[PDB]
Structures are given as structure tokens and as C-alpha cells.
Amino acid sequence: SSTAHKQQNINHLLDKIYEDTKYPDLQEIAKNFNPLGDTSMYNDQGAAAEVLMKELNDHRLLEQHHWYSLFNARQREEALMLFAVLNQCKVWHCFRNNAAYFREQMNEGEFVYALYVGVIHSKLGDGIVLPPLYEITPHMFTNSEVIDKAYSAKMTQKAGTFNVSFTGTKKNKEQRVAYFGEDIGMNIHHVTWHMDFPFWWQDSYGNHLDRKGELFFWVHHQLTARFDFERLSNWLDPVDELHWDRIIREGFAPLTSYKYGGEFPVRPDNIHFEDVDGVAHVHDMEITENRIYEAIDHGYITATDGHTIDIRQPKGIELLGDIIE
Amino acid sequence: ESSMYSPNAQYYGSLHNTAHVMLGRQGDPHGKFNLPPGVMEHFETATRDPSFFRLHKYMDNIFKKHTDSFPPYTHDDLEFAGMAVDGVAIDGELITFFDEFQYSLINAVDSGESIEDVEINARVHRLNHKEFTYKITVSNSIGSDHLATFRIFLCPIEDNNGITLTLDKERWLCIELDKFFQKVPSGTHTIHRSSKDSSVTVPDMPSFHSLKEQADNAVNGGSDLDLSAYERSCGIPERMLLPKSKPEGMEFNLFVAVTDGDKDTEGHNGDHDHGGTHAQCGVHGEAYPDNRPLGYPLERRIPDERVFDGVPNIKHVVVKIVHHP
Ligand SMILES: *[C@@H]1O[C@H](CO)[C@@H](O)[C@H](O)[C@H]1NC(C)=O
Ligand SMILES: [Cl-]
Ligand SMILES: [Cu+2]
Ligand SMILES: [Cu+2]
Ligand SMILES: [Mg+2]
Ligand SMILES: [O]
Ligand SMILES: [O]
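Each protein sequence line maps, in turn, to chains A and B. Under the deposited numbering, the residue at position 281 of the first sequence is numbered 285, and the numbers go up by one with no gaps. Under the deposited numbering, the residue at position 216 of the second sequence is numbered 544, and the numbers go up by one with no gaps.
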């Protein structure tokens, strides 16, 4: 319940995340703790814990050892159910005990996500430093070749340090700027910005995220402008913009893999967008784009009942970030 | 267009003017070759380009969706009661030909210091036609003399496939030949109107050399220059009043609508000088003299030709135009 103990608890919870916990205290908690045993530890008197326990007891949660994507609606909903519990804990023993309990029940990708945003958005997390995700889930930051050498080092029980090279070949001019988007710290900057300012945030979680929609515009504007500065530094032209009715010129082979789920897929050069089953038609993206530009060129956003919300004012850019993200 | 009269250029933009530039720049759309603007980017030159007419038919069809949205005119809409067009005839054959026209190129060349001009002219072949006179016999049974608007159009009878066109299929293809206001006395009388006096056309411009001579002669000798004999430069050239037609001759419908001049010029002065080009170029420094929609009475759908045939103040007759090569 002090910062040293909280930091150690988090360190332990995130250690060797693909395996059952090796810490005797956390194993005991995962075995014996009942998230519904004392609802006085929650600000919602157990409402969020009841929702998550029902999903768990009905065998409706994603299995362990499976890929996780925050953009997958149902998997995100499951991670946010655990976030919701952690976010309701009044004191650290509630936060730690629920984390230990659900670590052993829930998918590891969902758990890591929920624990990180739980620490970030709870006052109980104040003073904790989250370990870098590239050491908690290295597969998401390390190409498959190096992971295999790590797998080989483990299979052979020999220590080693292995050099990571950038993806692609020298024939690929885009490799000239791979040090930007592949930098592990740039990746942590990006994930952490979205953890700090999540698109799923609702103020019923406890507070408002000030100017979030405008900061969404700004942080990505700066990523784009910074990338273009690297291109300029490497005798490359600025990036083109995507358009739904034109080819995506530059393909990509990540040469990276999930821990569970297989290799990340590749995209060939010069492809037209295809409709994605279960997601959207390309035409839907064009219509959505058109509707956003209609608001911009009207000078107002149209509310659900048809009334106008003026955006010809300083908060207009923020409201646009709200509707665009 | 758009013009500065647009109530909302932020939203509606400038379709027509931007289209001129889009078309004009298609020989170098990205500026890679440093070519200057195309002929579509100057009103001096735009009609030289065939695509001018494809662009403007496209725009014309936008307007036509609006004009087609109104209810067809009824008998009561169109009838000028007590006014009957008994006969429409032309005094003189309708004949076109090409003749020659000269203009000076001196301003295009470079003159030295102390270098005498030499005369340098271009000679162009231009369409022209012979003079003719409309003879429109009208019976006024109202009981008193009445101001009438005479609206004269030339309409195709068949298309290039030899298919006879309905009035509805003709009306949007008709070209305006004249519009004028004239008192029609009680009884039966033949109105005469010279082709030379069309309110759609203006004569060839006086040459720069002629303007210099006349101005210089007037200034030298204290002679009041008065050029009130010339017209504006806005207006179809008189020489192009008629379509070229064919050496074998073609037949067209000459369409005459005689409408209530009092109603048409209410709020103005019907029997006053409207200049020589008011049909499409208006009146310099004055309100537009005709209150009717431009194109009246052909600008609305005519699904039922019986409506027009039942109106005594509308008549069309067949005329033949012959080209002399
Ligand atoms: C890896 O890189 C280090 C320094 O960056 C270098 O000393 C070593 O030779 C490299 N190893 C291999 C196998 O190339
Ligand atoms: Cl007479
Ligand atoms: Cu982002
Ligand atoms: Cu135009
Ligand atoms: Mg599956
Ligand atoms: O035009
Ligand atoms: O135009």
C-alpha cells in the first residue's frame, strides 16, 4: 500500500506474463480471493465485479494464449470489464487482489492492457512506473528472427544478446526511415498516448480528459510531420495521403510474430482497398469521410436530433477529433 | 459559377470556375512540365477548346434539373388573351456563307526604338448570313392597343439520326434569335423585324485603326466625337445569328411566342430604349427589362404538346436555311 510495495506488486503481476504466476503470494490470492466477497472495497458496491464474474462463470471470456487486439470490439469489451473493476477499487489491496485473481483467469493481452490503463487512470496508481511493454510482451516489438534466437537460447539454456536489424532490404527505399516507426520508444510513446487518452473513455469512469479530441489531432499531426522530416533527411519525398479509391503504393512485411496467433500478415505493394468482412465496405469509409467534410464545410456538426453544433470556434477542432477518431 | 453573390461559398465552393482550371491544367496537372495555363483558363480562348462545350452541357444539365422540377405551364399560364399569331413568314431567303475579315497584328510584334511600323494583318474566314425580315401577322382582339413581347427561337425538327423530335425534346435545344417589345394595335397587322435588329446579336467591332482615326479626327479640329452609333461588344456576332446549316438545306422550326408586354415589363419601361443586346447581355446600368424567366416559355417541361398548340399567341412554322460554300 506504499509505493515500493505497489511497484513490486505490479512488477510481479507483469513478470512472465504467458505463464501462471510464480509468486506464492499471488498464487494464494488467485486461488482464494473472491472478487464478490466484500463489495465495500468498490465505489460501485461491486457492480463491475458482478459483470466480469458473470462473463467468467458463463465461459464467455477469451481464452489464454490467444492474440488480443484493442480494435476487436468484443476483446476490448472484455479488457475494459477488468479495467472497470480495478478502477472501482477504493484501496490498493482491492486493486492488487483483483489483478492477481483475473491474471490467472483472463487472456494475457486483455489483462496487460487492463492493468496498464488501470494503473494510469486510478489514483492508486500514482507513483507507479509501468515496465516498458517491449519487455513485458517483446513479441509485439521484436522481429521474428530475434525471437527465434531467444527461443533457441532458451531451448539450449544459453544466455545471449542478439542484434535486431530493421525490416526489409536495401532495395526497399522505405527501409531508409525504418528507425522512426520501428523505434521501440516511439512505439511506447504511441501506445501510451492512447492509454492516457483512450477512445473508449467515458467520464462515468471518474473524470474528464481535457481537450482529448484536439490532442488526438495534434499528437498524430506531429507523428506525421516528424516522419516526413525523416524522409526529407533521407532523400525521400513526403508521404502521399491515402485515399479509399486509389492504390496503397507502399506494401509492408513486418517479419514479426505474435506469441500466440502466428506471424503478422504482409501487405503487397500497389493494392486497392478491398471490403473487409465484419468491419466495413470501402464505400462506407468514403461516405464517413464525406460526412465529416460536410460538417467542416457547413461549419457545424449535426446532432442526433438534427440540431446544429457550431464548430466555427476554438473547440470546433476538439469536437472534430471526437467525431473523427 | 460561383460569384460573390453566393450565400455560402464555404460549402458550395465554385464548381464552374474551378472546373475551368481543372480542365485547363490537364496537360500538366501536377506542374511537372511548367506549362502555362490552358485555353480554358481565359475567357478570350476558352471556346476554342472542344471540352468547353462538354463542360458547359454538364453544367447546363444541373440547371435543367431545377428548371424541370416546376410544373408544366398550363393554357392559362401561357395565353395572352385576345392576341393571336395568325402567320409567321420570312422576307428573304435564309442563306449562310463564309466571308473574309481582317484585323491588325501590330500590337503582337516588338517595335524598336526609332523603327517604323509596318502593317501586319491576319485574315480569317468567318461565318455570315444574308439579311432577312420576320413578318409576324398578329390579330389583337383585346379592344385596345397592347404592348407585346415577341420571343423568337430556332428549334431542330429532327436529330442527327433523322428522328423527329417532340416539342419537349426540342425545347432545350432551341436557340434564341430575338426578343423585342412592340405595341400591337387593335385588329390584324403584320409586325416586321429585321434580322439586323436582333437583341441577341451585335455587329463586328470597329477596328483599333478605325477607332484611332475617328478619335484623332474629332480631337483635331474641335469636333465633338460621337460614337453613339456603335454597340456593346457583348452579344452573339450578327454574322453568327443563324447556324451554318447544309448546302442541301435543312429545315428548322421557327418558334414565335407573343406574350403580354405589360406583364413582362411591369416595374420597368416597356416601350423604352433597351439597347441592342438585352436578350443575354442585359441593359448597361439598368435593371433587366423582361420579368419572365430566361428562356420563357420553353424553360419548363412540355410533356403535353396539346397545351402549346391550344395557345393562340404561340406559333411555329418550318423554315429552310441553305449554306452556300
Ligand atoms: C552485434 O552488434 C554488436 C554491436 O552493435 C557487435 O559487436 C557484434 O559483432 C554484432 N553481432 C553480430 C553477430 O553481428
Ligand atoms: Cl398591316
Ligand atoms: Cu495513434
Ligand atoms: Cu464557363
Ligand atoms: Mg480464433
Ligand atoms: O465559360
Ligand atoms: O464561363
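C-beta atoms are modelled at their ideal positions from N, C-alpha and C, and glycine is treated no differently.
Output, in chain order, the set of chain B residues within a Cβ distance shorter than 7 Å of A/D301.
Those within 7 Å of A/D301 in chain B are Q338 and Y339.
Does the segment 609 to 619 of chain B touch the segment 538 to 549 of chain B, meaning 3 or more C-beta pairs lie closer than 8 Å?
No, the segment 538 to 549 of chain B does not touch the segment 609 to 619 of chain B.
In whole angstroms, what is the alpha-carbon distance linking A/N238 and A/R180?
When rounded, the distance between both Cα atoms is 7 Å.
Would the beta-carbon of B/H344 be found less than 7 Å away from any heavy atom of ligand 4?
Answer for B/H344: yes, Cβ within range of ligand 4.
What is the DSSP secondary structure of A/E139, reduced to helix, strand or coil?
Of the three classes helix, strand and coil, the one that applies to A/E139 here is helix, per DSSP.
Supposed contact pair A/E112 and A/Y22 - C-beta distance, whole angstroms, cut 8 Å
Indeed they touch by this definition, with Cβ atoms about 6 Å apart.
Check whether the segment 565 to 583 of chain B and the segment 641 to 650 of chain B are in contact - that is, three or more C-beta pairs closer than 8 Å.
Enough Cβ pairs lie closer than 8 Å, so yes.
Per-residue DSSP class, three states only, for B/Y401:
Of the three classes helix, strand and coil, the one that applies to B/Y401 here is coil, per DSSP.
Quick check on the contact list: which residues have their beta carbon closer than 7 Å to a heavy atom of ligand 2?
So the residues near ligand 2 by this Cβ test are B/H517 and B/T518.
Can B/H358 be considered in contact with ligand 3, in the sense that its beta carbon sits closer than 7 Å to one or more heavy atoms?
No, since every heavy atom of ligand 3 falls outside the 7 Å radius drawn around the Cβ of B/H358.
To which residues of the same chain is A/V195 closer than 7 Å at the C-beta, ignoring the five residues directly before and after it?
Contacts found: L137.
Delimiting residues of the beta strand (DSSP E) encompassing B/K648:
Judged by DSSP secondary structure, B/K648 falls within the beta strand (DSSP E) whose first and last residues are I642 to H651.
If I'm right that B/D419 touches B/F478 with Cβ under 8 Å, what's the distance once you round it to whole angstroms?
Incorrect: roughly 16 Å between the Cβ atoms, too far for contact.
Does any heavy atom of ligand 1 sit closer than 7 Å to the C-beta of A/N147?
Checking the Cβ of A/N147 against ligand 1 gives no.
Ligand 4 and B/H384: does the residue's C-beta get closer than 7 Å to at least one heavy atom of that ligand?
B/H384: yes, Cβ under 7 Å from ligand 4.
Output yes or no for whether 8 Å exceeds the beta carbon distance between A/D244 and A/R235.
Taking 8 Å as the cut-off, the Cβ atoms of A/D244 and A/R235 do not count as close.
Please confirm whether B/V437 and B/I448 have their CB atoms less than 8 Å apart.
Using a Cβ distance threshold of 8 Å, B/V437 and B/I448 count as a contacting pair.
Length of the line joining the Cα atoms of A/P272 and A/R253:
For the pair A/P272 and A/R253, the Cα-to-Cα distance works out to about 9 Å.
Note down the Cα distance separating A/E32 from A/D24, rounded to an integer number of angstroms.
Between A/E32 and A/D24, the alpha-carbon positions lie close to 12 Å from each other.
Out of curiosity, what's the CA-to-CA distance linking B/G415 and B/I519?
C-alpha separation (whole angstroms): 10 Å.
Close Cβ partners of A/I14 (< 6 Å) along its chain, the five nearest in sequence each way excluded
Apart from the 5 residues on each side of it in sequence, A/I14 sits with its Cβ closer than 6 Å to the Cβ of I132 in its chain, given in chain order.
Following a CB-centred definition, is A/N167 positioned closer than 7 Å to any heavy atom of ligand 1?
Within the cutoff, so yes.
From A/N61 to A/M110, what does the alpha carbon distance come to, in whole angstroms?
Linking A/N61 to A/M110 through their CA atoms gives a straight-line distance of about 12 Å.
In terms of residue numbering, what span does the beta strand (DSSP E) encompassing B/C483 cover?
Where B/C483 is concerned, the enclosing beta strand (DSSP E) stretches over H474 to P484.
Count the CB pairs spanning the segment 113 to 124 of chain A and the segment 160 to 170 of chain A that are closer than 8 Å, and state whether there are at least three.
Segment contact: the segment 113 to 124 of chain A against the segment 160 to 170 of chain A, fewer than three CB-CB distances shorter than 8 Å; contact not assigned.
For B/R567 and B/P400, which I take to be in contact (beta-carbon distance under 8 Å), what is that distance rounded to the nearest angstrom?
B/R567 to B/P400, Cβ: 36 Å. No contact.
Should B/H348 be listed as close to ligand 4, given that the test is whether its C-beta is under 7 Å from any heavy atom?
Correct: B/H348 has its Cβ closer than 7 Å to ligand 4.
Determine, using beta carbons only, whether A/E218 and A/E293 come nearer to each other than 8 Å.
For A/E218 and A/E293, no; Cβs fall outside 8 Å.
Report the rounded CA-to-CA distance for A/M289 versus B/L455, giving the unit in angstroms.
So the alpha carbons of these two residues sit roughly 53 Å apart.
Just the C-alpha distance for A/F99 and A/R80, rounded to the nearest angstrom, thanks.
If you take the alpha carbons of A/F99 and A/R80, they lie about 20 Å apart.
Those residues which DSSP pairs with B/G515 across a bridge:
DSSP lists B/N468 as partners of B/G515.
Taking just the CA atoms, how far does B/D388 sit from B/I491?
Here the alpha carbon of B/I491 sits roughly 23 Å from the alpha carbon of B/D388.
With a cut-off of 8 Å on the beta carbons, I'd call B/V530 and B/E559 a contact; round off their distance for me.
Rounded to whole angstroms, the Cβ separation of B/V530 and B/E559 is 4 Å, and the two are in contact under 8 Å.
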